[PDB]
2 protein chains.
Amino acid sequence: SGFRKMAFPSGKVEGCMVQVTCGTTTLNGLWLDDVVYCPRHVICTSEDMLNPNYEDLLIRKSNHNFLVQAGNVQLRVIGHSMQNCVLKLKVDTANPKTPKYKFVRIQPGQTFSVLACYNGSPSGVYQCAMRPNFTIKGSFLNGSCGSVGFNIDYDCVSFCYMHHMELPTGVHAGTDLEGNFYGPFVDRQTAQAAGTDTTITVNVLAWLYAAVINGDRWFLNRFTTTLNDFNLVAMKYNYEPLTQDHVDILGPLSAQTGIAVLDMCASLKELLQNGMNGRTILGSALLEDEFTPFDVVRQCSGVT
Amino acid sequence: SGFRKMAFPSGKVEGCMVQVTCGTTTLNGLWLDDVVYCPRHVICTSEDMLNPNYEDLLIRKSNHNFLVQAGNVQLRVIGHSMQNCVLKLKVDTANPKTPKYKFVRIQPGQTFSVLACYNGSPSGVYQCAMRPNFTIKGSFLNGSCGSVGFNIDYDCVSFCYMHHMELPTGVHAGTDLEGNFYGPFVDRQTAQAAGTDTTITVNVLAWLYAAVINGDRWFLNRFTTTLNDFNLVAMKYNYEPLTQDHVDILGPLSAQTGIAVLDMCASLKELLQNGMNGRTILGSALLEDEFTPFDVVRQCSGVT
Ligand SMILES: O=C(Cc1cccc(Cl)c1)Nc1cnccc1-c1ccccc1
Ligand SMILES: O=C(Cc1cccc(Cl)c1)Nc1cnccc1-c1ccccc1
């Protein structure tokens with residue numbers, strides 16, 4: 001028993017982190033096979049970050065201007081290209097530590113682990129979620145750009161996120177491994193709007209099931225509700241509308257506990273309308289939404 | 001910016017996890033050099049866990065009864081010994097992936113990362129703290145025994161914890177890598193008392209400094225207090241007494257922010273006496289105590 005914000009083991013991803021230097025800018029790159037992936041803003045100086053013409057800036061750059069380092073060994077760059085907001089640096093050596101991998105664009109509400117890096121060196125791993133407003137609330141400092149977010153399936157790493165930007169609001173924005181930003185964000189030093197961040201209702205419910213499994217049952221009540229009635233409460237509290245797909249996804253948790261999804265929805269409804277009254281659920285005083293039903297099942301069944 | 005419960009990258013520790021089987025019991029072992037370390041309760045059946053005579057049970061065991069597997073390769077066992085509550089299995093092969101390591105017994109209030117494992121295979125990494133009552137609040141299922149807790153210093157892994165037991169209260173107990181339990185716990189299936197768990201005051205204060213650094217300043221007030229007056233409030237709320245050593249340790253954080261330790265103590269005092277009033281600090285509705293001043297400085301400075 002016990003329930004924690006758990007990240008995937010990061011070893012497979014640590015073996016892919018390199019340092020990319022262009023001009024005076026140093027950031028992280030992901031080395032998979034003979035390609036190093038990094039944010040294209042590596043070619044920018046502080047001056048041109050206000051309105052960069054990336055295609056024009058890349059024209060002033062050659063393969064020898066991109067300094068790629070893995071640990072202490074310099075990688076030789078034989079090709080360079082821009083794919084959306086990432087640069088792909090072809091090197092002459094395939095990463096001997098390249099794990100089985102996939103590039104996937106995750107859906108908002110889905111979770112992933114981040115290996116925060118500085119100068120190609122990993123410093124920490126944490127679990128987070130792609131917010132419904134396409135931002136992530138991570139821990140990133142200057143130099144962390146190029147740090148990746150991922151999931152693991154047995155031996156296969158599915159890279160889903162590359163860190164690029166911190167908004168003036170202190171939240172983080174980035175891209176998938178094809179360089180497409182999550183959300184409406186652009187890699188420019190301009191005032192960008194994150195948008196309203198709603199609560200991932202299916203995740204809160206999954207965490208309420210995790211709580212019941214791990215003994216926390218105080219919030220369970222003698223009530224039930226309907227999808228339409230729960231969703232009236234959900235809209236008032238900026239929670240994602242719950243669909244039948246969400247209910248279906250919570251099926252294994254409802255079967256494991258014997259608590260019907262709509263009865264758990266009534267508990268959540270009362271928690272939203274009355275608060276916690278000074279109590280906690282899984283050592284938290286707020287409703288946690290960064291555990292998918294898959295994460296709860298996985299954590300409660302020990303999937304390696 | 002941003003502040004998360006961050007764990008160390010786990011790659012160095014993943015390369016040490018093996019599976020140890022004795023009789024019908026399967027658990028995790030830590031392979032460093034030619035030694036596999038695991039909880040001695042691997043020799044026990046469910047029957048003798050009520051009152052085991054480990055020395056007597058170990059007498060019925062030979063090197064060939066200990067099945068050690070690293071990935072898919074069987075390790076040959078040439079020696080076995082019991083050191084406190086751990087067994088040391090001498091194998092004929094030194095772990096080629098053995099990192100630079102140390103065995104250290106951490107102090108209560110200190111933090112470490114746990115790589116939760118099942119059948120020698122890692123499943124997740126999370127950050128936790130040794131509670132003042134010598135328990136840890138982790139996420140461990142059956143099969144997780146032998147999972148290790150550690151810290152990393154540049155390239156050196158300091159192993160500090162080996163998981164052994166879950167108490168009926170749902171909390172976790174274990175040993176250092178010399179097999180000495182943290183706390184008064186014994187590796188027996190008996191009713192064991194965790195003891196009163198107090199809040200690590202120096203860690204809450206360090207997290208309040210992390211909050212100020214990361215923009216959350218609402219809790220800062222026009223007041224100050226003394227060690228003796230803050231400690232009167234601390235005793236009432238089951239918080240560890242704050243000593244001058246704790247104040248000294250918070251020095252770099254006090255210098256970084258310009259907020260005197262005793263002024264931060266007055267903010268904490270008001271937070272304890274009045275609560276959060278529905279507000280949050282670093283996305284939490286309760287005072288967080290599992291970030292040491294070292295963890296705050298590290299996270300806010302990007303130590304790799
Ligand atoms: O925000 C940026 C640089 C940037 C700016 C505009 C557009 C882009 Cl694509 C990138 N990167 C960071 C990443 N994560 C966390 C913090 C920072 C950061 C660095 C320096 C000072 C303040 C914050
Ligand atoms: O509690 C034990 C076994 C045990 C019992 C008495 C003494 C010792 Cl040294 C070890 N291990 C577990 C470790 N972490 C989490 C959960 C469990 C667990 C396993 C089976 C059923 C319920 C809980």
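What's counted below: heavy atoms across the whole structure, side chains too, no hydrogens, waters or symmetry copies. Every chain is numbered from 1, with letters handed out A, B, ... down the list of sequences.
- For a residue to count as touching a neighbouring chain, one of its non-hydrogen atoms must lie under 4.5 Å from one of that chain's; by this rule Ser113(B) does not touch chain A.
- More than 12 heavy atoms of other shown residues, nucleotides or ligands fall within 6.0 angstrom of atom CG in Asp197(A).
- If you measure heavy-atom distances from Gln299(B) to chain A, the contacts under 4.5 Å come from both the backbone and the side chain.
- Looking at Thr280(A), only its side chain comes within 4.5 Å of chain B, counting heavy atoms on both sides.
- Rounding to the nearest 0.5 angstrom, the gap separating the CZ atom in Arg298(A) from the OG atom in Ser123(B) is 9.5 Å.
- With values rounded to the nearest 0.5 angstrom, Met6(A) atom CE is found 3.5 Å from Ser139(B) atom OG.
- Rounding to the nearest 0.5 Å gives a distance of 14.0 Å between CD of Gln127(B) and NZ of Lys5(A).
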Check step by step if side-chain contact (heavy atoms from CB on, under 4.5 Å) holds for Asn119(B) and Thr304(A).
CA-CA 9 Å; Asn119(B) 305 104; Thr304(A) 71; 6.0 Å; no
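- At a 4.5 Å heavy-atom cutoff, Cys117(B) makes no contact with chain A through either its backbone or its side chain.
- Looking at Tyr118(B), the atoms closer than 4.5 Å to chain A (heavy atoms on both sides) sit in the backbone and in the side chain alike.
- In terms of heavy-atom proximity, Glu14(B) sits nearest to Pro9(A) at OE2-CB, 3.3 Å.
- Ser1(A) contributes atom OG, which lies 12.5 Å from atom NZ of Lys137(B) (distance to the nearest 0.5 angstrom).
- Taking both residues in full, the closest heavy atoms of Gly2(B) and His172(A) are given as CA-CE1, 4.5 Å, listed atom of the first, atom of the second, then distance.
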